[PDB]
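Chemist: See entry.pdb below, with PDB, N, CA, C and O atoms.
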ATOM      1  N   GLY T   1      65.928  42.059  -0.093  1.00  0.00           N
ATOM      2  CA  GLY T   1      67.294  41.639  -0.483  1.00  0.00           C
ATOM      3  C   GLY T   1      67.271  40.623  -1.604  1.00  0.00           C
ATOM      4  O   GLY T   1      67.014  40.966  -2.758  1.00  0.00           O
ATOM      5  N   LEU T   2      67.527  39.369  -1.266  1.00  0.00           N
ATOM      6  CA  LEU T   2      67.528  38.299  -2.250  1.00  0.00           C
ATOM      7  C   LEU T   2      66.102  37.911  -2.622  1.00  0.00           C
ATOM      8  O   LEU T   2      65.268  37.687  -1.747  1.00  0.00           O
ATOM      9  N   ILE T   3      65.836  37.839  -3.926  1.00  0.00           N
ATOM     10  CA  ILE T   3      64.514  37.483  -4.441  1.00  0.00           C
ATOM     11  C   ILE T   3      63.458  38.467  -3.937  1.00  0.00           C
ATOM     12  O   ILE T   3      62.552  38.115  -3.180  1.00  0.00           O
ATOM     13  N   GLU T   4      63.592  39.717  -4.359  1.00  0.00           N
ATOM     14  CA  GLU T   4      62.662  40.759  -3.953  1.00  0.00           C
ATOM     15  C   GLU T   4      61.808  41.200  -5.136  1.00  0.00           C
ATOM     16  O   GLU T   4      60.681  41.670  -4.968  1.00  0.00           O
ATOM     17  N   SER T   5      62.351  41.038  -6.334  1.00  0.00           N
ATOM     18  CA  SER T   5      61.643  41.381  -7.557  1.00  0.00           C
ATOM     19  C   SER T   5      62.282  40.649  -8.732  1.00  0.00           C
ATOM     20  O   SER T   5      63.104  41.219  -9.453  1.00  0.00           O
ATOM     21  N   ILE T   6      61.896  39.384  -8.914  1.00  0.00           N
ATOM     22  CA  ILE T   6      62.555  38.499  -9.874  1.00  0.00           C
ATOM     23  C   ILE T   6      64.022  38.366  -9.479  1.00  0.00           C
ATOM     24  O   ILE T   6      64.900  39.002 -10.071  1.00  0.00           O
ATOM     25  N   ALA T   7      64.266  37.548  -8.452  1.00  0.00           N
ATOM     26  CA  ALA T   7      65.573  37.480  -7.805  1.00  0.00           C
ATOM     27  C   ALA T   7      65.915  38.847  -7.217  1.00  0.00           C
ATOM     28  O   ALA T   7      65.030  39.690  -7.039  1.00  0.00           O
ATOM     29  N   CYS T   8      67.161  39.060  -6.851  1.00  0.00           N
ATOM     30  CA  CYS T   8      67.603  40.395  -6.507  1.00  0.00           C
ATOM     31  C   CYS T   8      68.131  41.081  -7.753  1.00  0.00           C
ATOM     32  O   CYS T   8      68.572  40.419  -8.697  1.00  0.00           O
ATOM     33  N   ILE T   9      68.075  42.396  -7.767  1.00  0.00           N
ATOM     34  CA  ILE T   9      68.554  43.153  -8.898  1.00  0.00           C
ATOM     35  C   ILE T   9      70.052  43.369  -8.765  1.00  0.00           C
ATOM     36  O   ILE T   9      70.522  43.945  -7.783  1.00  0.00           O
ATOM     37  N   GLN T  10      70.790  42.873  -9.748  1.00  0.00           N
ATOM     38  CA  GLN T  10      72.245  42.844  -9.684  1.00  0.00           C
ATOM     39  C   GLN T  10      72.845  44.228  -9.910  1.00  0.00           C
ATOM     40  O   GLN T  10      72.183  45.136 -10.424  1.00  0.00           O
ATOM     41  N   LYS T  11      74.103  44.367  -9.504  1.00  0.00           N
ATOM     42  CA  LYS T  11      74.862  45.598  -9.667  1.00  0.00           C
ATOM     43  C   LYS T  11      74.776  46.137 -11.093  1.00  0.00           C
ATOM     44  O   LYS T  11      75.018  45.412 -12.060  1.00  0.00           O
ATOM     45  N   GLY T  12      74.429  47.409 -11.208  1.00  0.00           N
ATOM     46  CA  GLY T  12      74.411  48.061 -12.501  1.00  0.00           C
ATOM     47  C   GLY T  12      73.035  48.095 -13.127  1.00  0.00           C
ATOM     48  O   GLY T  12      72.835  48.745 -14.152  1.00  0.00           O
ATOM     49  N   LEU T  13      72.082  47.402 -12.524  1.00  0.00           N
ATOM     50  CA  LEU T  13      70.729  47.388 -13.047  1.00  0.00           C
ATOM     51  C   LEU T  13      69.834  48.320 -12.237  1.00  0.00           C
ATOM     52  O   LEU T  13      70.081  48.548 -11.049  1.00  0.00           O
ATOM     53  N   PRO T  14      68.793  48.881 -12.879  1.00  0.00           N
ATOM     54  CA  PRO T  14      67.876  49.826 -12.236  1.00  0.00           C
ATOM     55  C   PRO T  14      67.034  49.179 -11.143  1.00  0.00           C
ATOM     56  O   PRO T  14      66.511  48.077 -11.314  1.00  0.00           O
ATOM     57  N   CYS T  15      66.901  49.880 -10.031  1.00  0.00           N
ATOM     58  CA  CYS T  15      66.088  49.423  -8.917  1.00  0.00           C
ATOM     59  C   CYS T  15      65.341  50.603  -8.310  1.00  0.00           C
ATOM     60  O   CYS T  15      65.735  51.749  -8.495  1.00  0.00           O
ATOM     61  N   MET T  16      64.255  50.328  -7.602  1.00  0.00           N
ATOM     62  CA  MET T  16      63.444  51.394  -7.022  1.00  0.00           C
ATOM     63  C   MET T  16      63.269  51.157  -5.533  1.00  0.00           C
ATOM     64  O   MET T  16      62.305  51.614  -4.920  1.00  0.00           O
ATOM     65  N   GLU T  17      64.218  50.436  -4.964  1.00  0.00           N
ATOM     66  CA  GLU T  17      64.192  50.079  -3.559  1.00  0.00           C
ATOM     67  C   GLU T  17      65.529  49.448  -3.184  1.00  0.00           C
ATOM     68  O   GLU T  17      66.126  48.717  -3.974  1.00  0.00           O
ATOM     69  N   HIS T  18      66.007  49.762  -1.984  1.00  0.00           N
ATOM     70  CA  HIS T  18      67.272  49.223  -1.487  1.00  0.00           C
ATOM     71  C   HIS T  18      67.185  47.714  -1.330  1.00  0.00           C
ATOM     72  O   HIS T  18      68.180  47.011  -1.472  1.00  0.00           O
ATOM     73  N   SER T  19      65.984  47.233  -1.055  1.00  0.00           N
ATOM     74  CA  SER T  19      65.741  45.807  -0.882  1.00  0.00           C
ATOM     75  C   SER T  19      65.798  45.062  -2.222  1.00  0.00           C
ATOM     76  O   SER T  19      65.943  43.839  -2.248  1.00  0.00           O
ATOM     77  N   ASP T  20      65.681  45.795  -3.329  1.00  0.00           N
ATOM     78  CA  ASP T  20      65.744  45.188  -4.662  1.00  0.00           C
ATOM     79  C   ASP T  20      67.166  44.742  -4.972  1.00  0.00           C
ATOM     80  O   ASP T  20      67.399  43.623  -5.431  1.00  0.00           O
ATOM     81  N   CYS T  21      68.110  45.634  -4.714  1.00  0.00           N
ATOM     82  CA  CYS T  21      69.521  45.386  -4.999  1.00  0.00           C
ATOM     83  C   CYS T  21      70.071  44.291  -4.092  1.00  0.00           C
ATOM     84  O   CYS T  21      69.802  44.257  -2.891  1.00  0.00           O
ATOM     85  N   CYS T  22      70.852  43.404  -4.704  1.00  0.00           N
ATOM     86  CA  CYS T  22      71.374  42.205  -4.051  1.00  0.00           C
ATOM     87  C   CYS T  22      72.131  42.503  -2.761  1.00  0.00           C
ATOM     88  O   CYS T  22      72.052  41.722  -1.815  1.00  0.00           O
ATOM     89  N   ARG T  23      72.870  43.606  -2.710  1.00  0.00           N
ATOM     90  CA  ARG T  23      73.598  43.938  -1.489  1.00  0.00           C
ATOM     91  C   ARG T  23      72.932  45.069  -0.708  1.00  0.00           C
ATOM     92  O   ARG T  23      73.566  45.720   0.124  1.00  0.00           O
ATOM     93  N   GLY T  24      71.657  45.310  -0.994  1.00  0.00           N
ATOM     94  CA  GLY T  24      70.847  46.167  -0.145  1.00  0.00           C
ATOM     95  C   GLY T  24      71.097  47.649  -0.331  1.00  0.00           C
ATOM     96  O   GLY T  24      70.694  48.456   0.506  1.00  0.00           O
ATOM     97  N   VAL T  25      71.748  48.030  -1.416  1.00  0.00           N
ATOM     98  CA  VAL T  25      71.982  49.439  -1.667  1.00  0.00           C
ATOM     99  C   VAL T  25      71.590  49.829  -3.091  1.00  0.00           C
ATOM    100  O   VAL T  25      72.196  49.401  -4.070  1.00  0.00           O
ATOM    101  N   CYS T  26      70.558  50.650  -3.183  1.00  0.00           N
ATOM    102  CA  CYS T  26      70.076  51.155  -4.457  1.00  0.00           C
ATOM    103  C   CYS T  26      70.216  52.667  -4.479  1.00  0.00           C
ATOM    104  O   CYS T  26      69.522  53.359  -3.738  1.00  0.00           O
ATOM    105  N   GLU T  27      71.110  53.174  -5.309  1.00  0.00           N
ATOM    106  CA  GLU T  27      71.341  54.608  -5.389  1.00  0.00           C
ATOM    107  C   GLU T  27      71.255  55.057  -6.837  1.00  0.00           C
ATOM    108  O   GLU T  27      71.747  54.365  -7.731  1.00  0.00           O
ATOM    109  N   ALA T  28      70.615  56.206  -7.055  1.00  0.00           N
ATOM    110  CA  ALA T  28      70.340  56.711  -8.398  1.00  0.00           C
ATOM    111  C   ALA T  28      69.449  55.739  -9.156  1.00  0.00           C
ATOM    112  O   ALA T  28      69.469  55.684 -10.385  1.00  0.00           O
ATOM    113  N   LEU T  29      68.662  54.984  -8.394  1.00  0.00           N
ATOM    114  CA  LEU T  29      67.798  53.936  -8.930  1.00  0.00           C
ATOM    115  C   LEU T  29      68.608  52.852  -9.633  1.00  0.00           C
ATOM    116  O   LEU T  29      68.145  52.244 -10.596  1.00  0.00           O
ATOM    117  N   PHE T  30      69.821  52.619  -9.150  1.00  0.00           N
ATOM    118  CA  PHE T  30      70.659  51.539  -9.654  1.00  0.00           C
ATOM    119  C   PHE T  30      71.338  50.812  -8.501  1.00  0.00           C
ATOM    120  O   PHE T  30      71.777  51.434  -7.528  1.00  0.00           O
ATOM    121  N   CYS T  31      71.395  49.493  -8.606  1.00  0.00           N
ATOM    122  CA  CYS T  31      72.048  48.669  -7.598  1.00  0.00           C
ATOM    123  C   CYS T  31      73.548  48.915  -7.635  1.00  0.00           C
ATOM    124  O   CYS T  31      74.201  48.659  -8.650  1.00  0.00           O
ATOM    125  N   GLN T  32      74.076  49.449  -6.542  1.00  0.00           N
ATOM    126  CA  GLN T  32      75.495  49.758  -6.453  1.00  0.00           C
ATOM    127  C   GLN T  32      76.312  48.482  -6.416  1.00  0.00           C
ATOM    128  O   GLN T  32      77.328  48.406  -7.136  1.00  0.00           O
TER     129      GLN T  32
END
How does this structure look as structure tokens?

Modeler:
Amino acid sequence: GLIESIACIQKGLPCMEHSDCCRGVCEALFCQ
């Protein structure tokens, strides 16, 4: 979640894990 890969990955940015995205949802490799 928070601070998983240089902080959490904010909405609209690419992620490769649900834990990367700040609100725990990564879809299409982007933080929803």

Chemist: Please write as a list in words the full residue list that the PyMOL selection byres ((chain T and resi 9-14) around 6) yields on this file.

Modeler: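 Matching residues under the PyMOL selection byres ((chain T and resi 9-14) around 6) are residues 1, 5, 6, 7, 8, 15, 16, 20, 21, 22, 23, 29, 30, 31 and 32 of chain T.
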
Chemist: Give me, as a VMD selection string, the residues of chain T that a backbone DSSP run labels strand (DSSP E).

Modeler: chain T and resid 26 to 27 30 to 31

Chemist: What does the distance between atom O of residue 3 (chain T) and atom O of residue 19 (chain T) come to in Å, to one decimal place?

Modeler: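 Interatomic distance, atom O of residue 3 (chain T) to atom O of residue 19 (chain T): 6.7 Å.
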
Chemist: How many Å lie between atom N of residue 4 (chain T) and atom N of residue 25 (chain T), rounded to one decimal?

Modeler: 12.0 Å
